[PDB]
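Participant: Chains as they are written, first to last, in UniProt numbering: chain A, 83 to 470; chain B, 83 to 470; chain C, 83 to 470; chain D, 83 to 470. Supplied in structure tokens, the structure appears directly below.
Number of protein chains: 4
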Amino acid sequence: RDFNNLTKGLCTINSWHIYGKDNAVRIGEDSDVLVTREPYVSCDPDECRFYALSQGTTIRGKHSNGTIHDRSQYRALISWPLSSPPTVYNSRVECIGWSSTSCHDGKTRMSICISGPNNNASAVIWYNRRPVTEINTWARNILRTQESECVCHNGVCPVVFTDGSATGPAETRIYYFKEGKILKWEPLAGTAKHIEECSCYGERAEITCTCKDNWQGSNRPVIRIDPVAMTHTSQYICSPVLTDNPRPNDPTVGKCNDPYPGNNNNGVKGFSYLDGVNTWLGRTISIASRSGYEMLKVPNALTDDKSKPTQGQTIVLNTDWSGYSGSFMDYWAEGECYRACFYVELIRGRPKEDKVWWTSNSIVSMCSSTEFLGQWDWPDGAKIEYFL
Amino acid sequence: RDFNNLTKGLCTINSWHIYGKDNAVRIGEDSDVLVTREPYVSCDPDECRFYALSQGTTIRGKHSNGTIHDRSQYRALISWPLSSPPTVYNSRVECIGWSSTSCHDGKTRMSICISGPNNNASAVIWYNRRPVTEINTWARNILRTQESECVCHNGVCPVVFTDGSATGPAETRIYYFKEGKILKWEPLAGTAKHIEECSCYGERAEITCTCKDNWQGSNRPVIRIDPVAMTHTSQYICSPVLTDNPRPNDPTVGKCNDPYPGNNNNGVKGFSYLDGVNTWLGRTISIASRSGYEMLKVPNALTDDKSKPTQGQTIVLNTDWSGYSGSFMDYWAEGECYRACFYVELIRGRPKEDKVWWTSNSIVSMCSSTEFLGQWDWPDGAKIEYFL
Amino acid sequence: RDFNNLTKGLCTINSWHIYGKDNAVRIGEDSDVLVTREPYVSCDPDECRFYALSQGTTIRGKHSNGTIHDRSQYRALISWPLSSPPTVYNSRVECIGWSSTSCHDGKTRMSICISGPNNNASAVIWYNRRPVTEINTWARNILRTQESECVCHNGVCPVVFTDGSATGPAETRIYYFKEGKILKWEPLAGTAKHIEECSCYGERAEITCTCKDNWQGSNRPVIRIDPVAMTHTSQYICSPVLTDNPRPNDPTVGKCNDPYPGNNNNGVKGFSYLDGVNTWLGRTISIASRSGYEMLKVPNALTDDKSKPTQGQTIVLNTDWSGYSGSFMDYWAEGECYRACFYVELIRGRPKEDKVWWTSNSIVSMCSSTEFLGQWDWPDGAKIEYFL
Amino acid sequence: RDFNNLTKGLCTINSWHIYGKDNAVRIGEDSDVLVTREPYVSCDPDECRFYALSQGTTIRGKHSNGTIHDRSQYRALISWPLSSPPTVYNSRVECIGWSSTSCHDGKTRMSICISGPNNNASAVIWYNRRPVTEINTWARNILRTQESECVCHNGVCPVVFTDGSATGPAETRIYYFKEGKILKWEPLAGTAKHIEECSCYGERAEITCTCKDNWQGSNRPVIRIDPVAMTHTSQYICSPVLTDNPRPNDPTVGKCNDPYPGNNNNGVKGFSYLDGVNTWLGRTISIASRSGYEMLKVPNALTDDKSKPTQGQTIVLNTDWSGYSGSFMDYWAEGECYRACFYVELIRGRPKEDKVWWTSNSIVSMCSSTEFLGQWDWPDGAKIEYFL
Ligand SMILES: *[C@@H]1O[C@H](CO)[C@@H](O[C@@H]2O[C@H](CO)[C@@H](O[C@@H]3O[C@H](CO[C@H]4O[C@H](CO)[C@@H](O)[C@H](O)[C@@H]4O)[C@@H](O)[C@H](O[C@H]4O[C@H](CO)[C@@H](O)[C@H](O)[C@@H]4O[C@H]4O[C@H](CO)[C@@H](O)[C@H](O)[C@@H]4O[C@H]4O[C@H](CO)[C@@H](O)[C@H](O)[C@@H]4O)[C@@H]3O)[C@H](O)[C@H]2NC(C)=O)[C@H](O)[C@H]1NC(C)=O
Ligand SMILES: *[C@@H]1O[C@H](CO)[C@@H](O[C@@H]2O[C@H](CO)[C@@H](O[C@@H]3O[C@H](CO[C@H]4O[C@H](CO)[C@@H](O)[C@H](O)[C@@H]4O)[C@@H](O)[C@H](O[C@H]4O[C@H](CO)[C@@H](O)[C@H](O)[C@@H]4O[C@H]4O[C@H](CO)[C@@H](O)[C@H](O)[C@@H]4O[C@H]4O[C@H](CO)[C@@H](O)[C@H](O)[C@@H]4O)[C@@H]3O)[C@H](O)[C@H]2NC(C)=O)[C@H](O)[C@H]1NC(C)=O
Ligand SMILES: *[C@@H]1O[C@H](CO)[C@@H](O[C@@H]2O[C@H](CO)[C@@H](O[C@@H]3O[C@H](CO[C@H]4O[C@H](CO)[C@@H](O)[C@H](O)[C@@H]4O)[C@@H](O)[C@H](O[C@H]4O[C@H](CO)[C@@H](O)[C@H](O)[C@@H]4O[C@H]4O[C@H](CO)[C@@H](O)[C@H](O)[C@@H]4O[C@H]4O[C@H](CO)[C@@H](O)[C@H](O)[C@@H]4O)[C@@H]3O)[C@H](O)[C@H]2NC(C)=O)[C@H](O)[C@H]1NC(C)=O
Ligand SMILES: *[C@@H]1O[C@H](CO)[C@@H](O[C@@H]2O[C@H](CO)[C@@H](O[C@@H]3O[C@H](CO[C@H]4O[C@H](CO)[C@@H](O)[C@H](O)[C@@H]4O)[C@@H](O)[C@H](O[C@H]4O[C@H](CO)[C@@H](O)[C@H](O)[C@@H]4O[C@H]4O[C@H](CO)[C@@H](O)[C@H](O)[C@@H]4O[C@H]4O[C@H](CO)[C@@H](O)[C@H](O)[C@@H]4O)[C@@H]3O)[C@H](O)[C@H]2NC(C)=O)[C@H](O)[C@H]1NC(C)=O
Ligand SMILES: *[C@@H]1O[C@H](CO)[C@@H](O[C@@H]2O[C@H](CO)[C@@H](O)[C@H](O)[C@H]2NC(C)=O)[C@H](O)[C@H]1NC(C)=O
Ligand SMILES: *[C@@H]1O[C@H](CO)[C@@H](O[C@@H]2O[C@H](CO)[C@@H](O)[C@H](O)[C@H]2NC(C)=O)[C@H](O)[C@H]1NC(C)=O
Ligand SMILES: *[C@@H]1O[C@H](CO)[C@@H](O[C@@H]2O[C@H](CO)[C@@H](O)[C@H](O)[C@H]2NC(C)=O)[C@H](O)[C@H]1NC(C)=O
Ligand SMILES: *[C@@H]1O[C@H](CO)[C@@H](O[C@@H]2O[C@H](CO)[C@@H](O)[C@H](O)[C@H]2NC(C)=O)[C@H](O)[C@H]1NC(C)=O
Ligand SMILES: CCCN(C)C(=O)[C@@H]1OC(C(=O)O)=C[C@H](NC(=N)N)[C@H]1NC(C)=O
Ligand SMILES: CCCN(C)C(=O)[C@@H]1OC(C(=O)O)=C[C@H](NC(=N)N)[C@H]1NC(C)=O
Ligand SMILES: [Ca+2]
Ligand SMILES: [Ca+2]
Ligand SMILES: [Ca+2]
Ligand SMILES: [Ca+2]
């Protein structure tokens, strides 16, 4: 109809309720489920769906062998109905590639897939299910993007890309697209020293992205975008409650404009909702691996370098595998505020579970409640032994 | 379009004709059919569908082992086309949880799923396929609901929940929702001493629910709701034709305001159509187990403590497994009256058939006919030996 | 929109072109295809679909054992997209039962399914996908109907039923339905001595049905219905080109008002297009079994007791299995005339191929061409050995 | 809405970006994927889809044995969602046959399938999913057509057919259809000596077809059609960059009106975009077999007998199997020009890989970019060893 405008602020997050869960690995042990990774969720005005990067093979299929690898010509961005698993028969291919993002602007959806060899990748921007724009690699070193939904305001949908090293300074760009066409792009500015896999959400005409500093930071970089002025700023979450993985133990004081040191060249895509006292941070429980997942209310985490938790909710037990996590919201729901939501990728198989030769995942997702709801843990649920 | 109003009375029930049957277990022996239990049927203005609580695994899959358990993080309310089986590929997830209800108000559908650990469950009310309201457990002991469709009148859809003990007094509440929001809730009143899994239907602006007294009664409790005044009453079916399971043998006189004794802490979800002489009761044939199923016309069963059958129809032979049963009607059919319908859950596997390690079911459903139709029996039809 | 009226006459049939073929048995050897029999084809104003009586199990499934049987509680009328096979995942259940008919009146579709034990069957008439009318058995001996599409005119859709003996006189009735309700019914009249499984088509406000006299006739009975006056007549195809199976060898002169003798208590559902010189008869090639299939142009077959073929087209070689055949036409196609179409059921398995324990079929269908097209034969195509 | 008119010219082709890839063989190793060959792509105003000739069996099924054969009664033209594989459950049958073409005219789609024995084949032209016209073989020797999409202009959709010898002169005809009806047909004229499997595209009210001279030419014949005047011309691509397979090595000067000699009675369906300096030719890398695939910019290839490449892009490595290739464009995209697209059939199995008994393929497709994008190679990706 008309382009959606981020006119509402976030609802008060007093807890998280269960939103969707596909139990993909459990079900796929005996049905035609595609092997995936790097999942996310994204809404259209009339439907919300699960998204991920297929590996072009079923879990039980013999081609599942070797799916620990990230980039191949057999990957594609696929979407499927909320809480169903990604099967061969219900999965819709949005585009071909090994890194993606996608978002609805209110009128139609823009999906972006990057493919190519390491030194010669290219992004192709689809709008209304047709290819419209193509961007060639600028640093010739794995052009890559969010791995979660982008956000639009009045037709303008900013997207963060990175090209270059994962263990040194790289070239991050913020592209402002409208109907799949490039209106403008900027180089990253601010104090964030390295940007990877941004998780974004929008409220009151501002887009907040919590990304990942693979190079040096255990605290997360944040990019705040003005989609009207088409400008942005960057910094790090000030809080001592560190949210990358692996990471050192929490200090008593964090860093606002520098990476918090202790772990180099590693991390995991993650997210946060930064809204004054209504601030909640997601993170793996383990400081060593992608294990467990919890949400912590840390009032003013973005700007207060001594902020610590005032409330929390466990999502996945530390005795269960987690993985990537990101933000999304249903911008087309009823009500006066946007309900914060997130998903957690539950990785199974390699490298942690190496008795099998594949790597896949299932999805669990939650949204906020103004109630103070009791908590449950939500594991993948599959028994690896069955796959042997 | 507009909210549906219960303006019609029930059609005269002279017999029952076959409405739907999915043969899920038979078919699932060699196809991707989800393991389920606690099924029901519910209509939208343009389609009627089968509903149930998936176990997040196929019947043939290795994860089917252990599906006798009621509550896990792998369950979800799913719906699928009438008479098809619940497959991985055609099942639509309505919400995540291990206890549910769902009903269309004429404009859109409300679905409710409760999830959580025993002492910390929570309900989330979805409307128009979006989460709108959340209710936290009030007694910290398995918050639970109908397991069959709710009913709406002018946008108001009452739902009965219970939280607390299954073998003592508990806290039952009647919530009146409109567009997924709570307009009001009451504690249970009347003479019903324990309420569980209510089966409801609406006619002439009144909603009748035949539930289950797990604690003491072999006769069924009944809750009659006024959706306009948002008030209700409760009692027991007076008739000596006892309809819970297990149960004692039928006496010559029943009880109108107290549970009829003889069996404690057990039962099965069931239903009835209470309409003066046009009254029909459903029940298992066996007084000891979920075996067989028959419909009995017992004129004035609700108010006459000596009422006995004047007609009957066998639905499932006593040599076949039955299970849960509930009511639903197509409130959007043509004609001057609402045609009473019901379903019977045909449970296969554990605990009765323990050579297999799973528990699932298929569905058979009937609706009333003004004709006096010949009868057939409708068993699940699967051979357990094939699964070995 | 509006009720369809049979305002056109048939197109000139100079040959038959391929219309649809599902290769169900071939495909089902390694995919989830339901076991069926008694198939047909029927069109809606915007789509034409394949129909059949499912056996409630896949071909490869263990429950396929015993599917030679005709009537069980696991059968249902299902429809699926033209030329696809009937799979567990794309098959839509129209109603439950072991004998059926279905037709679109221009506004919506009426489907009829009969179920029950032999001495207590009942038909339930569905309209707009809802049950509207029920008819109880009148002779208590396998109430049964067409097994192919009915035809409508201005909302009136006549249907032929038979109840009683298959090897003696029985009680055949012609019901005139409108919006699923009974406007009227007549007993069969005319000279046809036994009626079973009528195949019908409509043109110029008249409905012609070529049925089967199981009891005595090797020539086929014909019922011509006036859907406006709601009256009919009956006789036999006069031609010596006999079209039932099994049957004696063709004589030089046939019978117009009596069954042509030589074979008792047996036959196969079949059809014909009776249109003066534009007359074409379908029949198995073998006079002994359901083997082969050919179309023969026999000018004035209905009224000329010495009529013989003037042209022909082989559909299935005599070295291939055939089975039931019936008529249908797309009453919503463009043009000035109705294009005659038909299907042939290609039965595989029992009783002819008894190395397997199942009985199923695939479908081949043709429509007429005003051209004189070259001919091909169209067998099922499956290798039974593969199923062993 | 209205008939589409070829009002735009082609966009400038500076490179090719990835458009779609189904990884059918990889996925089909463990899921219900139909065996196919002779694929293509074609767009409707609201969706673009993959098309191919099914073999009426899954790859893993036992009936896959023998699928190297081209024509059987078990083949059919099927279409399915872009980039999904052709499965039993998502494939839509357009018509029955072993040679086809299909195109949308802006209002609805016309699909053509030819079936029959070698000496008695016939084409049936479907429009709006209904059979409208039939054409009988004229030379009684494998009536055949494009194997890729046709193109329409103001309702007129020209189609090229050939009937007769594949190793001598044959009878090629250009049919001009409108709403499935024949407006006119011509015999082939011009200098092309043999025509087979034309690949066509339209721009600025002209339709260009790059076909295949099976008999003598290693250079490709080209037919340019005027859909308004309903006339055409024919010649060969003048360029020395030879594009058939097998073929001799490239000379320094090609032939404009005669087949370039060196290889007789063999070839492969292929295509080209002939647009002055904006000219790009596709071809297998190997001069001996269907191996590899590359796109070469050869300015003025059609008219310049000494034209050589000025740029290029590898699509499939010479160490990977290729096969048929053809053109299509989304005539309903936004923008001022038509974006040239093409697909490459990646054949697996027989005759090159004879350890398996089947022959199938997957699809890769690209469209043009005005950017100068980095290149990747796109192989089928399946491991034949897995199928053993
Ligand atoms: C039914 O449901 C309800 C609803 O969920 C249940 O109630 C919930 O219970 C939760 C668990 O207790 C509770 O969650 C905790 O909240 C704490 C904050 O509240 C307390 O402090 C505030 C502020 O003073 C008070 O207002 C309030 O009254 C409380 O006293 C959080 O602080 C908790 O998180 C910390 O502990 C958990 C382990 O429980 C860690 O995993 C987590 O990371 C936090 O601790 C680490 O990080 C901090 C900050 O740097 C460190 O100081 C600390 O030492 C830890 O550091 C180590 O571990 C991390 C992670 O591994 C590592 O990185 C680091 O290096 C160190 O090694 C926790 O979030 C809910 O708030 C509460 N909800 C409500 C509404 O009440 C109820 O119990 C359920 N009922 C039943 C019967 O079960
Ligand atoms: C073709 O189709 C038609 C249509 O279906 C067939 O006709 C139907 O036939 C049915 C079976 O006969 C018949 O059903 C019965 O109806 C009885 C009522 O009708 C009779 O009584 C009235 C009132 O006097 C008369 O008007 C009428 O003329 C009849 O005489 C019911 O009473 C029957 O139910 C009871 O019996 C069945 C077993 O048949 C039990 O399973 C059932 O539970 C009922 O009996 C128990 O409960 C009562 C009440 O408390 C006890 O008194 C009794 O002892 C039983 O108690 C024991 O068992 C229960 C259950 O296990 C246990 O809990 C308890 O503790 C005890 O142990 C039955 O419903 C249809 O009405 C009739 N329909 C029509 C339209 O005619 C026709 O036969 C078919 N044709 C062919 C050829 O087959
Ligand atoms: C390319 O395609 C075209 C198009 O299809 C091919 O041409 C077609 O060729 C067909 C086969 O020849 C042909 O079909 C036959 O048509 C005959 C009628 O035409 C002839 O007679 C008329 C009338 O005189 C002439 O005008 C005309 O010129 C011809 O001379 C039919 O009579 C044929 O059917 C009979 O024979 C077949 C076997 O071929 C039987 O299966 C069939 O049942 C018919 O015969 C039985 O029944 C009759 C009637 O009672 C008996 O008299 C006779 O003895 C048979 O009876 C026995 O068998 C039956 C069945 O088993 C049994 O019940 C009974 O008891 C007995 O045991 C046949 O239909 C097409 O018309 C023709 N089409 C066109 C447009 O030309 C062309 O050949 C193909 N090209 C190539 C290269 O292959
Ligand atoms: C990142 O991405 C970019 C973008 O893709 C990469 O850059 C691309 O690199 C490509 C590979 O180098 C390049 O493709 C080549 O383009 C050549 C034309 O450009 C050159 O010539 C022009 C004209 O002078 C100059 O303007 C320009 O500056 C260049 O110098 C083509 O000529 C190439 O094709 C020929 O070679 C390939 C092998 O590479 C053959 O397979 C192909 O068939 C062509 O050669 C055969 O045919 C010709 C013509 O008849 C014969 O003369 C020749 O001998 C060959 O003949 C034999 O082989 C054939 C086929 O088997 C057989 O039939 C025959 O009988 C003989 O046996 C090639 O197309 C892109 O244009 C370039 N793109 C851009 C935008 O720059 C970049 O490298 C990537 N980066 C990294 C780090 O990898
Ligand atoms: C989001 O904001 C823009 C205004 O920036 C709205 O766009 C106006 O919409 C009306 C109706 O479409 C037009 O007549 C105005 O000219 C539009 N645009 C501009 C850019 O001025 C848009 O409608 C808003 N979206 C919603 C859902 O309200
Ligand atoms: C059910 O009853 C309510 C009246 O209680 C009907 O609601 C009225 O509908 C008309 C048209 O929508 C409005 O103009 C009235 O104001 C509506 N409501 C009220 C609450 O007064 C409703 O239309 C009835 N439903 C149907 C199907 O007739
Ligand atoms: C089939 O015939 C009936 C007439 O018998 C047509 O019905 C008339 O349709 C118009 C528009 O719906 C009404 O105003 C007339 O009263 C209708 N009916 C009768 C029974 O008189 C019907 O429209 C015809 N169908 C078609 C497709 O033309
Ligand atoms: C393609 O061209 C034809 C003109 O040749 C357009 O057809 C005209 O369309 C308008 C509206 O439908 C009619 O009133 C004219 O009579 C139409 N036709 C002719 C043949 O004169 C057609 O609309 C054009 N297509 C598009 C998409 O613009
Ligand atoms: C305190 C529980 C009382 N109660 C109603 C039961 O135990 C019911 O028993 C039965 C049962 O089949 O008897 C299954 C139900 N299972 C299910 N809905 N998943 C279960 N309810 C819950 C919520 O687990
Ligand atoms: C008294 C029965 C006479 N009759 C028409 C038959 O026996 C038909 O025979 C055949 C048959 O293939 O010959 C199958 C039919 N099977 C089927 N429609 N399920 C069956 N009809 C019924 C209703 O069972
Ligand atoms: Ca890091
Ligand atoms: Ca009880
Ligand atoms: Ca007979
Ligand atoms: Ca050649």
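We treat Cβ as the ideally placed atom computed from N, Cα and C, and that holds for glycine.
For the stretch 442–464 of chain B, which residues have a CB atom closer than 9 Å to at least one CB atom of chain C, in sequence order?
Facilitator: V446, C449, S451, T452, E453, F454, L455, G456, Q457, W458, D459, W460, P461, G463, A464
Participant: Counting only Cβ pairs nearer than 7 Å, list the residues of chain B close to C/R142.
Facilitator: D112
Participant: At what residues does the beta strand (DSSP E) containing A/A134 begin and finish?
Facilitator: Unbroken beta strand (DSSP E) run through A/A134: 130–140.
Participant: For a contact defined as C-beta to C-beta under 7 Å, what are the partners of D/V175 on chain C?
Facilitator: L164, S165, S166
Participant: Under 7 Å Cβ-Cβ, which residues of chain D neighbour A/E216?
Facilitator: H99, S451, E453, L455
Participant: Chain D beta carbons: is any one of them nearer than 8 Å to that of A/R191?
Facilitator: no
Participant: My guess is that B/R430 and B/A464 are in contact by the Cβ rule of under 8 Å, so how many angstroms apart are they, rounded?
Facilitator: 6 Å
Participant: Which of the three DSSP states is assigned to D/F410 in this structure?
Facilitator: strand
Participant: Flag A/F454 as yes when its Cβ comes closer than 7 Å to any non-hydrogen atom of ligand 1, and as no otherwise.
Facilitator: yes
Participant: Using a Cβ-Cβ cut-off of 7 Å (strictly less than) and excluding sequence neighbours within five positions of D/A203, which residues of its own chain qualify?
Facilitator: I196, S197, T219, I224, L225
Participant: Ligand 4 and D/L399: does any heavy atom of the ligand fall closer than 7 Å to the residue's C-beta?
Facilitator: no
Participant: Given this structure, state the Cα-to-Cα distance separating D/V175 from D/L159, to the nearest angstrom.
Facilitator: 6 Å
Participant: Write down the C-beta distance between C/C280 and C/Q317 rounded to the nearest angstrom, noting that I regard them as a contact closer than 8 Å.
Facilitator: 14 Å between Cβ atoms; not a contact.
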